[PDB]
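**Student:** Structure supplied as data_3.pdb; contents: PDB, C-alpha atoms and all ligand atoms.
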```
ATOM      1  CA  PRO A   1       0.000   0.000   0.000
ATOM      2  CA  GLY A   2       0.904   3.650   0.496
ATOM      3  CA  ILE A   3       3.312   5.698   2.571
ATOM      4  CA  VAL A   4       1.924   6.670   5.957
ATOM      5  CA  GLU A   5       2.027  10.464   6.256
ATOM      6  CA  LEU A   6       3.344  11.596   9.633
ATOM      7  CA  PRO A   7       4.154  15.173  10.671
ATOM      8  CA  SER A   8       7.770  16.112  11.220
ATOM      9  CA  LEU A   9       9.445  16.589  14.585
ATOM     10  CA  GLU A  10       9.373  20.380  14.242
ATOM     11  CA  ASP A  11       5.610  20.184  13.662
ATOM     12  CA  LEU A  12       5.144  18.597  17.100
ATOM     13  CA  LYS A  13       7.258  20.996  19.183
ATOM     14  CA  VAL A  14       5.136  23.011  21.613
ATOM     15  CA  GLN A  15       5.651  24.394  25.116
ATOM     16  CA  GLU A  16       4.391  21.509  27.244
ATOM     17  CA  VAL A  17       2.528  21.817  30.546
ATOM     18  CA  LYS A  18       5.421  20.547  32.658
ATOM     19  CA  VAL A  19       3.510  20.029  35.917
ATOM     20  CA  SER A  20       2.681  16.861  37.807
ATOM     21  CA  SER A  21      -0.664  15.074  37.976
ATOM     22  CA  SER A  22      -1.550  16.375  41.431
ATOM     23  CA  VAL A  23      -0.940  19.935  40.218
ATOM     24  CA  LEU A  24      -3.357  19.181  37.379
ATOM     25  CA  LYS A  25      -5.951  17.454  39.565
ATOM     26  CA  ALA A  26      -5.859  20.264  42.123
ATOM     27  CA  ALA A  27      -6.571  22.858  39.414
ATOM     28  CA  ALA A  28      -8.893  20.577  37.456
ATOM     29  CA  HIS A  29     -12.307  22.152  38.091
ATOM     30  CA  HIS A  30     -11.148  25.696  37.385
ATOM     31  CA  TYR A  31      -9.351  24.351  34.306
ATOM     32  CA  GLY A  32     -12.609  22.822  33.102
ATOM     33  CA  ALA A  33     -14.366  26.118  33.767
ATOM     34  CA  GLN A  34     -11.903  28.655  32.371
ATOM     35  CA  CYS A  35     -10.287  26.611  29.570
ATOM     36  CA  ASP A  36     -13.595  25.313  28.215
ATOM     37  CA  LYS A  37     -13.618  26.624  24.663
ATOM     38  CA  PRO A  38     -10.311  25.472  23.053
ATOM     39  CA  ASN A  39     -10.523  22.156  24.920
ATOM     40  CA  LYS A  40     -13.988  21.485  23.528
ATOM     41  CA  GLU A  41     -12.968  22.648  20.043
ATOM     42  CA  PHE A  42     -10.082  20.178  20.289
ATOM     43  CA  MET A  43     -12.136  17.232  21.535
ATOM     44  CA  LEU A  44     -14.787  17.937  18.908
ATOM     45  CA  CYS A  45     -12.052  17.972  16.251
ATOM     46  CA  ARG A  46     -10.651  14.800  17.811
ATOM     47  CA  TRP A  47     -13.895  12.816  17.674
ATOM     48  CA  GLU A  48     -14.835  14.188  14.257
ATOM     49  CA  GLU A  49     -11.527  13.830  12.394
ATOM     50  CA  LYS A  50     -10.775  10.465  14.113
ATOM     51  CA  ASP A  51      -7.127  11.208  13.260
ATOM     52  CA  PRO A  52      -4.672  13.018  15.577
ATOM     53  CA  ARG A  53      -2.621  14.335  12.649
ATOM     54  CA  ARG A  54      -5.565  16.529  11.647
ATOM     55  CA  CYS A  55      -5.916  17.751  15.252
ATOM     56  CA  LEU A  56      -2.476  19.170  16.061
ATOM     57  CA  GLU A  57      -3.170  22.903  15.724
ATOM     58  CA  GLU A  58      -6.287  22.829  17.918
ATOM     59  CA  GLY A  59      -4.239  20.698  20.311
ATOM     60  CA  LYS A  60      -1.609  23.433  20.404
ATOM     61  CA  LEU A  61      -4.395  25.831  21.396
ATOM     62  CA  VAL A  62      -5.010  23.507  24.350
ATOM     63  CA  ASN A  63      -1.330  23.736  25.180
ATOM     64  CA  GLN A  64      -1.613  27.489  24.673
ATOM     65  CA  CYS A  65      -4.603  27.868  26.979
ATOM     66  CA  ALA A  66      -3.527  25.609  29.849
ATOM     67  CA  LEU A  67      -0.276  27.496  30.493
ATOM     68  CA  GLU A  68      -2.046  30.866  30.562
ATOM     69  CA  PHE A  69      -4.378  29.208  33.064
ATOM     70  CA  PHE A  70      -1.453  28.411  35.343
ATOM     71  CA  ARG A  71       0.451  31.702  34.957
ATOM     72  CA  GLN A  72      -2.714  33.518  36.024
ATOM     73  CA  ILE A  73      -2.653  31.252  39.078
ATOM     74  CA  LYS A  74       1.089  31.847  39.465
ATOM     75  CA  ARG A  75       0.804  35.644  39.267
ATOM     76  CA  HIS A  76      -1.959  35.886  41.883
ATOM     77  CA  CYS A  77      -2.601  32.794  44.027
ATOM     78  CA  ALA A  78       0.618  30.779  43.869
ATOM     79  CA  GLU A  79       0.909  29.961  47.579
ATOM     80  CA  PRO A  80      -2.639  28.718  48.463
ATOM     81  CA  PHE A  81      -2.566  26.665  45.267
ATOM     82  CA  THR A  82       0.883  25.359  46.221
ATOM     83  CA  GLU A  83      -0.367  24.251  49.635
ATOM     84  CA  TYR A  84      -3.471  22.747  48.016
ATOM     85  CA  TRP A  85      -1.693  20.646  45.397
ATOM     86  CA  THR A  86       0.844  19.605  48.039
ATOM     87  CA  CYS A  87      -1.988  18.295  50.227
ATOM     88  CA  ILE A  88      -3.571  16.583  47.198
ATOM     89  CA  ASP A  89      -0.118  15.231  46.315
ATOM     90  CA  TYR A  90       0.314  13.545  49.710
ATOM     91  CA  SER A  91      -2.488  11.026  49.248
ATOM     92  CA  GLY A  92      -2.242   7.795  47.297
ATOM     93  CA  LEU A  93      -5.612   7.938  45.564
ATOM     94  CA  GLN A  94      -5.334  11.780  45.620
ATOM     95  CA  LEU A  95      -8.552  12.365  47.517
ATOM     96  CA  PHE A  96     -10.409  15.641  47.196
ATOM     97  CA  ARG A  97     -12.152  14.783  50.467
ATOM     98  CA  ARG A  98      -8.958  14.843  52.551
ATOM     99  CA  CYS A  99      -8.091  18.417  51.532
ATOM    100  CA  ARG A 100     -11.233  20.495  51.936
ATOM    101  CA  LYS A 101      -9.728  23.339  53.969
ATOM    102  CA  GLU A 102      -6.950  24.044  51.455
ATOM    103  CA  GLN A 103      -9.616  23.733  48.761
ATOM    104  CA  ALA A 104     -11.718  26.353  50.550
ATOM    105  CA  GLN A 105      -8.706  28.666  50.882
ATOM    106  CA  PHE A 106      -7.797  28.197  47.205
ATOM    107  CA  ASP A 107     -11.376  28.749  46.010
ATOM    108  CA  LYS A 108     -11.718  31.838  48.219
ATOM    109  CA  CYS A 109      -8.427  33.331  47.009
ATOM    110  CA  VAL A 110      -9.303  32.589  43.372
ATOM    111  CA  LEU A 111     -12.844  33.987  43.654
ATOM    112  CA  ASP A 112     -11.519  37.139  45.315
ATOM    113  CA  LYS A 113      -8.446  37.828  43.181
ATOM    114  CA  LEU A 114      -9.571  36.412  39.812
ATOM    115  CA  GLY A 115     -13.351  35.963  39.975
ATOM    116  CA  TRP A 116     -13.635  32.298  38.982
ATOM    117  CA  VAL A 117     -16.567  30.202  40.163
ATOM    118  CA  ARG A 118     -15.720  26.573  40.834
ATOM    119  CA  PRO A 119     -18.042  24.254  38.865
ATOM    120  CA  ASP A 120     -20.607  22.462  40.991
ATOM    121  CA  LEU A 121     -21.374  18.746  41.193
ATOM    122  CA  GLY A 122     -22.684  17.871  37.735
ATOM    123  CA  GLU A 123     -21.521  20.709  35.505
ATOM    124  CA  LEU A 124     -18.243  19.480  33.983
ATOM    125  CA  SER A 125     -19.913  16.299  32.681
ATOM    126  CA  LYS A 126     -22.353  18.230  30.486
ATOM    127  CA  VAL A 127     -22.448  17.814  26.718
ATOM    128  CA  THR A 128     -21.909  21.310  25.321
ATOM    129  CA  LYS A 129     -22.281  22.797  21.854
ATOM    130  CA  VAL A 130     -19.183  24.095  20.078
ATOM    131  CA  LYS A 131     -19.120  26.818  17.416
ATOM    132  CA  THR A 132     -16.309  26.058  14.957
ATOM    133  CA  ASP A 133     -15.470  27.346  11.493
ATOM    134  CA  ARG A 134     -13.659  24.205  10.333
ATOM    135  CA  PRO A 135     -15.688  22.058   7.908
ATOM    136  CA  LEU A 136     -17.458  18.872   8.874
ATOM    137  CA  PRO A 137     -15.408  15.915   7.530
ATOM    138  CA  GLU A 138     -17.413  14.332   4.727
ATOM    139  CA  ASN A 139     -15.633  10.961   5.038
ATOM    140  CA  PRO A 140     -13.776  10.592   8.350
ATOM    141  CA  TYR A 141     -13.378   6.836   7.859
ATOM    142  CA  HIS A 142     -11.586   7.304   4.484
ATOM    143  CA  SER A 143     -14.131   4.873   3.082
ATOM    144  CA  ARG A 144     -14.985   4.131  -0.520
ATOM    145  CA  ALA A 145     -17.955   3.367  -2.762
ATOM    146  CA  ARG A 146     -20.313   0.847  -1.211
ATOM    147  CA  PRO A 147     -21.212  -1.934  -3.674
ATOM    148  CA  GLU A 148     -24.468  -1.816  -5.572
ATOM    149  CA  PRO A 149     -27.161  -3.919  -3.865
ATOM    150  CA  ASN A 150     -29.017  -6.720  -5.568
ATOM    151  CA  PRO A 151     -32.238  -5.645  -7.325
ATOM    152  CA  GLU A 152     -35.414  -6.044  -5.308
ATOM    153  CA  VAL A 153     -38.541  -7.994  -6.212
ATOM    154  CA  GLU A 154     -41.307  -6.150  -8.039
ATOM    155  CA  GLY A 155     -44.371  -6.931 -10.088
ATOM    156  CA  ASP A 156     -47.517  -8.851  -9.272
ATOM    157  CA  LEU A 157     -46.950 -12.507  -8.441
ATOM    158  CA  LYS A 158     -48.369 -14.590 -11.278
ATOM    159  CA  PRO A 159     -48.991 -18.339 -10.876
ATOM    160  CA  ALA A 160     -46.319 -20.852 -11.750
ATOM    161  CA  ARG A 161     -46.017 -21.649 -15.449
ATOM    162  CA  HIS A 162     -47.537 -25.132 -15.919
ATOM    163  CA  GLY A 163     -47.317 -25.860 -12.203
ATOM    164  CA  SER A 164     -44.288 -27.420 -10.566
ATOM    165  CA  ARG A 165     -42.596 -28.823 -13.721
ATOM    166  CA  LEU A 166     -41.239 -31.745 -11.693
ATOM    167  CA  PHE A 167     -40.820 -34.550 -14.264
ATOM    168  CA  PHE A 168     -44.515 -35.299 -14.819
ATOM    169  CA  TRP A 169     -46.552 -33.467 -12.191
ATOM    170  CA  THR A 170     -48.962 -31.311 -14.172
ATOM    171  CA  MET A 171     -49.792 -29.276 -11.068
TER     172      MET A 171
ATOM    173  CA  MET B   1      -2.729 -15.342  87.660
ATOM    174  CA  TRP B   2      -4.683 -14.722  84.449
ATOM    175  CA  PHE B   3      -2.577 -11.663  83.559
ATOM    176  CA  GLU B   4       0.470 -13.806  82.719
ATOM    177  CA  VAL B   5      -0.854 -14.321  79.192
ATOM    178  CA  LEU B   6      -0.398 -10.566  78.727
ATOM    179  CA  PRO B   7       3.398 -10.788  78.066
ATOM    180  CA  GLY B   8       2.800 -13.320  75.288
ATOM    181  CA  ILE B   9      -0.171 -11.379  73.908
ATOM    182  CA  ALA B  10       1.922  -8.198  74.076
ATOM    183  CA  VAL B  11       4.833  -9.765  72.166
ATOM    184  CA  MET B  12       2.404 -11.146  69.563
ATOM    185  CA  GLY B  13       0.827  -7.696  69.264
ATOM    186  CA  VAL B  14       4.236  -6.118  68.713
ATOM    187  CA  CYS B  15       5.015  -8.753  66.074
ATOM    188  CA  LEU B  16       1.741  -7.887  64.326
ATOM    189  CA  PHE B  17       2.366  -4.140  64.634
ATOM    190  CA  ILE B  18       5.740  -4.501  62.868
ATOM    191  CA  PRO B  19       4.476  -5.390  59.316
ATOM    192  CA  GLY B  20       1.930  -2.571  59.006
ATOM    193  CA  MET B  21       4.158   0.107  60.538
ATOM    194  CA  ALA B  22       7.014  -1.237  58.412
ATOM    195  CA  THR B  23       5.161  -1.064  55.102
ATOM    196  CA  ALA B  24       3.823   2.406  55.951
ATOM    197  CA  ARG B  25       7.330   3.723  56.652
ATOM    198  CA  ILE B  26       8.662   1.972  53.536
ATOM    199  CA  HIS B  27       5.922   3.531  51.391
ATOM    200  CA  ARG B  28       6.794   6.931  52.834
ATOM    201  CA  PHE B  29      10.528   6.388  52.332
ATOM    202  CA  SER B  30      10.346   5.139  48.737
ATOM    203  CA  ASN B  31       7.978   7.937  47.634
ATOM    204  CA  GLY B  32       9.418  11.179  49.003
ATOM    205  CA  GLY B  33       7.647  11.360  52.347
ATOM    206  CA  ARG B  34       4.151  10.603  51.040
ATOM    207  CA  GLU B  35       1.776   7.729  50.446
ATOM    208  CA  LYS B  36       2.364   5.223  47.692
ATOM    209  CA  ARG B  37       0.495   6.134  44.517
ATOM    210  CA  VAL B  38      -2.401   3.726  44.080
ATOM    211  CA  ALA B  39      -3.026   2.792  40.445
ATOM    212  CA  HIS B  40      -6.029   0.487  40.375
ATOM    213  CA  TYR B  41      -7.204   1.937  37.059
ATOM    214  CA  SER B  42      -5.291   2.691  33.881
ATOM    215  CA  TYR B  43      -6.012   6.424  34.093
ATOM    216  CA  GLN B  44      -4.273   6.578  37.480
ATOM    217  CA  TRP B  45      -1.340   4.694  35.967
ATOM    218  CA  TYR B  46      -1.309   7.074  33.001
ATOM    219  CA  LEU B  47      -1.121  10.054  35.351
ATOM    220  CA  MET B  48       1.646   8.315  37.301
ATOM    221  CA  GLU B  49       3.639   7.593  34.129
ATOM    222  CA  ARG B  50       3.076  11.204  33.084
ATOM    223  CA  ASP B  51       4.531  12.289  36.442
ATOM    224  CA  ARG B  52       7.529  10.037  35.833
ATOM    225  CA  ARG B  53       7.987  11.608  32.391
ATOM    226  CA  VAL B  54       7.620  15.223  33.582
ATOM    227  CA  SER B  55       9.770  14.923  36.710
ATOM    228  CA  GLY B  56      12.975  14.785  34.662
ATOM    229  CA  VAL B  57      14.636  12.371  37.115
ATOM    230  CA  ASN B  58      12.667   9.243  36.019
ATOM    231  CA  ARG B  59      10.835   9.105  39.368
ATOM    232  CA  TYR B  60       7.070   9.572  39.552
ATOM    233  CA  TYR B  61       7.110  10.875  43.117
ATOM    234  CA  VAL B  62       9.282  13.928  42.392
ATOM    235  CA  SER B  63       6.545  16.513  41.868
ATOM    236  CA  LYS B  64       6.933  19.653  39.766
ATOM    237  CA  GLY B  65       4.586  22.541  40.512
ATOM    238  CA  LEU B  66       4.203  26.041  39.122
ATOM    239  CA  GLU B  67       7.947  26.661  39.494
ATOM    240  CA  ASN B  68       8.541  24.373  36.504
ATOM    241  CA  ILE B  69       6.598  26.632  34.126
ATOM    242  CA  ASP B  70       7.546  30.295  33.693
TER     243      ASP B  70
HETATM  244  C1  LIG C 201     -69.137 -26.810  -8.938
HETATM  245  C2  LIG C 201     -67.855 -26.947  -8.154
HETATM  246  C3  LIG C 201     -67.525 -28.381  -7.782
HETATM  247  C4  LIG C 201     -67.309 -29.309  -8.969
HETATM  248  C5  LIG C 201     -66.722 -30.660  -8.588
HETATM  249  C6  LIG C 201     -66.359 -31.545  -9.772
HETATM  250  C7  LIG C 201     -65.439 -32.704  -9.410
HETATM  251  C8  LIG C 201     -66.016 -33.656  -8.376
HETATM  252  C9  LIG C 201     -64.995 -34.612  -7.785
HETATM  253  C10 LIG C 201     -63.884 -33.911  -7.009
HETATM  254  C11 LIG C 201     -62.893 -34.836  -6.303
HETATM  255  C12 LIG C 201     -61.699 -35.267  -7.150
HETATM  256  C13 LIG C 201     -61.898 -36.561  -7.922
HETATM  257  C14 LIG C 201     -60.717 -36.949  -8.794
HETATM  258  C15 LIG C 201     -60.320 -35.883  -9.798
HETATM  259  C16 LIG C 201     -59.426 -36.394 -10.919
HETATM  260  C17 LIG C 201     -58.078 -36.918 -10.441
HETATM  261  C18 LIG C 201     -57.486 -37.908 -11.398
HETATM  262  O1  LIG C 201     -58.020 -38.932 -11.726
HETATM  263  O2  LIG C 201     -56.299 -37.508 -11.864
HETATM  264  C19 LIG C 201     -55.759 -38.289 -12.955
HETATM  265  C20 LIG C 201     -54.266 -38.444 -12.891
HETATM  266  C21 LIG C 201     -53.596 -37.754 -14.047
HETATM  267  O3  LIG C 201     -54.256 -38.119 -15.276
HETATM  268  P1  LIG C 201     -54.420 -37.210 -16.573
HETATM  269  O4  LIG C 201     -54.902 -38.019 -17.706
HETATM  270  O5  LIG C 201     -53.084 -36.532 -16.802
HETATM  271  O6  LIG C 201     -55.457 -36.014 -16.228
HETATM  272  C22 LIG C 201     -56.821 -36.300 -15.857
HETATM  273  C23 LIG C 201     -57.300 -35.211 -14.927
HETATM  274  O7  LIG C 201     -57.741 -34.091 -15.697
HETATM  275  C24 LIG C 201     -56.245 -34.765 -13.943
HETATM  276  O8  LIG C 201     -56.474 -33.385 -13.599
HETATM  277  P2  LIG C 201     -55.275 -32.509 -12.977
HETATM  278  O9  LIG C 201     -54.309 -32.087 -14.008
HETATM  279  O10 LIG C 201     -55.937 -31.375 -12.211
HETATM  280  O11 LIG C 201     -54.569 -33.453 -11.873
HETATM  281  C25 LIG C 201     -53.475 -32.942 -11.088
HETATM  282  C26 LIG C 201     -52.409 -33.991 -10.993
HETATM  283  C27 LIG C 201     -52.346 -34.777 -12.270
HETATM  284  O12 LIG C 201     -51.466 -35.917 -12.164
HETATM  285  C28 LIG C 201     -50.183 -35.744 -12.486
HETATM  286  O13 LIG C 201     -49.663 -34.671 -12.623
HETATM  287  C29 LIG C 201     -49.494 -37.058 -12.688
HETATM  288  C30 LIG C 201     -48.802 -37.577 -11.442
HETATM  289  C31 LIG C 201     -49.749 -38.016 -10.351
HETATM  290  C32 LIG C 201     -49.058 -38.780  -9.253
HETATM  291  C33 LIG C 201     -48.284 -39.974  -9.763
HETATM  292  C34 LIG C 201     -47.491 -40.686  -8.694
HETATM  293  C35 LIG C 201     -46.802 -41.934  -9.189
HETATM  294  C36 LIG C 201     -46.092 -42.705  -8.106
HETATM  295  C37 LIG C 201     -47.003 -43.172  -6.991
HETATM  296  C38 LIG C 201     -48.084 -44.148  -7.417
HETATM  297  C39 LIG C 201     -48.867 -44.705  -6.249
HETATM  298  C40 LIG C 201     -49.620 -45.979  -6.561
HETATM  299  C41 LIG C 201     -50.725 -45.822  -7.589
HETATM  300  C42 LIG C 201     -52.119 -46.028  -7.015
HETATM  301  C43 LIG C 201     -52.303 -47.340  -6.272
HETATM  302  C44 LIG C 201     -53.622 -47.463  -5.538
HETATM  303  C45 LIG C 201     -53.589 -46.840  -4.164
HETATM  304  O14 LIG C 201     -52.769 -34.869  -9.881
HETATM  305  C46 LIG C 201     -52.033 -34.772  -8.766
HETATM  306  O15 LIG C 201     -51.046 -34.096  -8.677
HETATM  307  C47 LIG C 201     -52.614 -35.591  -7.651
HETATM  308  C48 LIG C 201     -52.024 -36.987  -7.545
HETATM  309  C49 LIG C 201     -53.006 -38.059  -7.960
HETATM  310  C50 LIG C 201     -54.264 -38.085  -7.116
HETATM  311  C51 LIG C 201     -55.541 -37.991  -7.925
HETATM  312  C52 LIG C 201     -56.797 -37.821  -7.086
HETATM  313  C53 LIG C 201     -57.183 -39.044  -6.288
HETATM  314  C54 LIG C 201     -58.393 -38.841  -5.399
HETATM  315  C55 LIG C 201     -58.912 -40.130  -4.804
HETATM  316  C56 LIG C 201     -57.819 -40.991  -4.205
HETATM  317  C57 LIG C 201     -58.044 -42.481  -4.374
HETATM  318  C58 LIG C 201     -56.753 -43.249  -4.576
HETATM  319  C59 LIG C 201     -55.963 -42.757  -5.770
HETATM  320  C60 LIG C 201     -54.674 -43.510  -6.023
HETATM  321  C61 LIG C 201     -53.577 -43.229  -5.025
HETATM  322  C62 LIG C 201     -52.308 -42.671  -5.643
HETATM  323  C63 LIG C 201     -52.519 -41.366  -6.368
HETATM  324  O16 LIG C 201     -54.021 -39.877 -13.026
HETATM  325  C64 LIG C 201     -52.984 -40.405 -12.368
HETATM  326  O17 LIG C 201     -52.122 -39.756 -11.846
HETATM  327  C65 LIG C 201     -53.063 -41.903 -12.347
HETATM  328  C66 LIG C 201     -53.790 -42.464 -11.124
HETATM  329  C67 LIG C 201     -55.306 -42.252 -11.132
HETATM  330  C68 LIG C 201     -55.782 -41.016 -10.387
HETATM  331  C69 LIG C 201     -56.726 -41.288  -9.226
HETATM  332  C70 LIG C 201     -58.128 -41.724  -9.619
HETATM  333  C71 LIG C 201     -59.223 -40.981  -8.867
HETATM  334  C72 LIG C 201     -60.515 -41.760  -8.719
HETATM  335  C73 LIG C 201     -60.333 -43.061  -7.963
HETATM  336  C74 LIG C 201     -61.601 -43.869  -7.783
HETATM  337  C75 LIG C 201     -61.346 -45.304  -7.350
HETATM  338  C76 LIG C 201     -60.694 -45.443  -5.988
HETATM  339  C77 LIG C 201     -60.524 -46.885  -5.537
HETATM  340  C78 LIG C 201     -60.022 -47.031  -4.112
HETATM  341  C79 LIG C 201     -58.672 -46.383  -3.868
HETATM  342  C80 LIG C 201     -57.511 -47.071  -4.548
HETATM  343  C81 LIG C 201     -57.164 -48.394  -3.927
END
```
Please express what this file holds, its structure, as structure tokens.

**Tutor:**
Amino acid sequence: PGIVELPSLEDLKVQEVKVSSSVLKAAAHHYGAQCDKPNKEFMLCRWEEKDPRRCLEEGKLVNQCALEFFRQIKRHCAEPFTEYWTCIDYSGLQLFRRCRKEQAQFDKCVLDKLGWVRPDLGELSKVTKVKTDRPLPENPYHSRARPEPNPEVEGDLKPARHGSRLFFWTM
Amino acid sequence: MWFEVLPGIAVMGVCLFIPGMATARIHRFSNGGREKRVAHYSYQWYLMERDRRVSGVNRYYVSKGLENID
């Protein structure tokens, strides 16, 4: 068959979000609130293209919008967030329920200094509508022409010509 | 009298305290003063492998916060 078409190594270079998983999980609800739009454009492009190579640029927007999410935490509320992801980082299963006072301090400092509302129980699992200008992929499976089906039956059913025609049976 | 079983019960209780205390201190020593990361599900393992990749020292427990980004 054909050559697989991969992007080059310079096409994949982007400033990564070089933080740990507890830093991400501690900031997760405000990330799902504030970084909604490029993330949903990316995941819509990701389920519609069904090909990561056609989803790189939108993905870079994700990696553009996450970092600006953290710098805006780093410029204003670096220390309550630092205590909060440290307390999240202690636990094995990384429980939100073991760290409610640092969560309250972080949410209070964020709501005062930046004006972000933490999403409630039920909001981040909603299915939202996304306004994009990219075209809908007309063939995301790279399929081809389906074969022509067999012709159907039509016409009124006439009786059998001279019956069964089985050797001598005249009916 | 009856309280002479208490030395044997006490030594047995110490010998049962040793494994749990031991594995708790070993989990805190091998993981930078914290609990051992529990990965029952493949998402938890993916986050743990991501931590190992982003730590730079090939250890998942070395955490990098906002000081790693600009
Ligand atoms: C106002 C509204 C109302 C009006 C009503 C008007 C009518 C009133 C009466 C209505 C009731 C029906 C009466 C009979 C209608 C005519 C049927 C007929 O004769 O077909 C001729 C039929 C074909 O002849 P034809 O010259 O081509 O056409 C004449 C008709 O127009 C043939 O016409 P067809 O083209 O339409 O026929 C269709 C086709 C035409 O036939 C074919 O396409 C040829 C192939 C037929 C089958 C061949 C199989 C061969 C291998 C097995 C042989 C088995 C052993 C032979 C018999 C041993 C004895 C048990 O027949 C079949 O497919 C049916 C199979 C044969 C059964 C015939 C009816 C029997 C009814 C009474 C049963 C009594 C026992 C009969 C013998 C048992 C074995 C059949 O002849 C044969 O197949 C040879 C056997 C003789 C037929 C049966 C005789 C019936 C009278 C028997 C009285 C005596 C009984 C004694 C006691 C029992 C025996 C121990």

**Student:** Using all atoms listed in the file, find which residues of chain B lie within 8 Å of chain A and jot them down as a PDB file with C-alpha atoms, in the coordinates of the input.

**Tutor:**
```
ATOM      1  CA  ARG B  34       4.151  10.603  51.040  1.00  0.00           C
ATOM      2  CA  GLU B  35       1.776   7.729  50.446  1.00  0.00           C
ATOM      3  CA  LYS B  36       2.364   5.223  47.692  1.00  0.00           C
ATOM      4  CA  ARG B  37       0.495   6.134  44.517  1.00  0.00           C
ATOM      5  CA  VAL B  38      -2.401   3.726  44.080  1.00  0.00           C
ATOM      6  CA  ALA B  39      -3.026   2.792  40.445  1.00  0.00           C
ATOM      7  CA  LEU B  47      -1.121  10.054  35.351  1.00  0.00           C
ATOM      8  CA  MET B  48       1.646   8.315  37.301  1.00  0.00           C
ATOM      9  CA  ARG B  50       3.076  11.204  33.084  1.00  0.00           C
ATOM     10  CA  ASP B  51       4.531  12.289  36.442  1.00  0.00           C
ATOM     11  CA  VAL B  54       7.620  15.223  33.582  1.00  0.00           C
ATOM     12  CA  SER B  55       9.770  14.923  36.710  1.00  0.00           C
ATOM     13  CA  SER B  63       6.545  16.513  41.868  1.00  0.00           C
ATOM     14  CA  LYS B  64       6.933  19.653  39.766  1.00  0.00           C
ATOM     15  CA  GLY B  65       4.586  22.541  40.512  1.00  0.00           C
ATOM     16  CA  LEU B  66       4.203  26.041  39.122  1.00  0.00           C
ATOM     17  CA  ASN B  68       8.541  24.373  36.504  1.00  0.00           C
ATOM     18  CA  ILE B  69       6.598  26.632  34.126  1.00  0.00           C
ATOM     19  CA  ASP B  70       7.546  30.295  33.693  1.00  0.00           C
TER      20      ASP B  70
END
```

**Student:** Per residue of chain A within 8 Å of ligand LIG 201 (chain C), which atom pair is closest and at what distance in Å (one decimal), using all atoms listed in the file, listed by chain and increasing number, as JSON lines?

**Tutor:**
```
{"residue": "A:168", "atom": "CA", "partner": "C:LIG201", "partner_atom": "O13", "distance": 5.6}
{"residue": "A:169", "atom": "CA", "partner": "C:LIG201", "partner_atom": "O13", "distance": 3.4}
{"residue": "A:170", "atom": "CA", "partner": "C:LIG201", "partner_atom": "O13", "distance": 3.8}
{"residue": "A:171", "atom": "CA", "partner": "C:LIG201", "partner_atom": "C25", "distance": 5.2}
```

**Student:** Which residue gives the smallest distance to residue 13 of chain A among A:56, A:26, A:157, A:45, with all atoms listed in the file counted?

**Tutor:**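 Ranking A:56, A:26, A:157, A:45 by distance to residue 13 of chain A, first place goes to A:56.
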
**Student:** For segment 120-137 of chain A, please output as a PyMOL selection string all residues within 10 Å (counting all atoms listed in the file; exclusion window: fewer than 3 positions along the same chain).

**Tutor:** chain A and resi 29+32-33+36-38+40-45+48-50+117+140-142

**Student:** Could you tell me how far atom CA of residue 119 of chain A lies from atom CA of residue 107 of chain A, in Å and to one decimal?

**Tutor:**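 Between atom CA of residue 119 of chain A and atom CA of residue 107 of chain A the gap is 10.8 Å.
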
**Student:** Would you pick out the contacts of residue 114 of chain A at 12 Å or less, using all atoms listed in the file, so that residues sharing its chain but fewer than 6 positions from it are not included, and give the list as a ChimeraX atom specification?

**Tutor:** /A:30,34,69,72-77,106-108

**Student:** What separation in Å, quoted to one decimal, exists between atom CA of residue 5 of chain B and atom CA of residue 20 of chain B?

**Tutor:**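 The value is 23.5 Å.
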
**Student:** Which distance in Å separates atom CA of residue 84 of chain A and atom CA of residue 102 of chain A, to one decimal?

**Tutor:**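 If I compute the distance from atom CA of residue 84 of chain A to atom CA of residue 102 of chain A, I get 5.1 Å.
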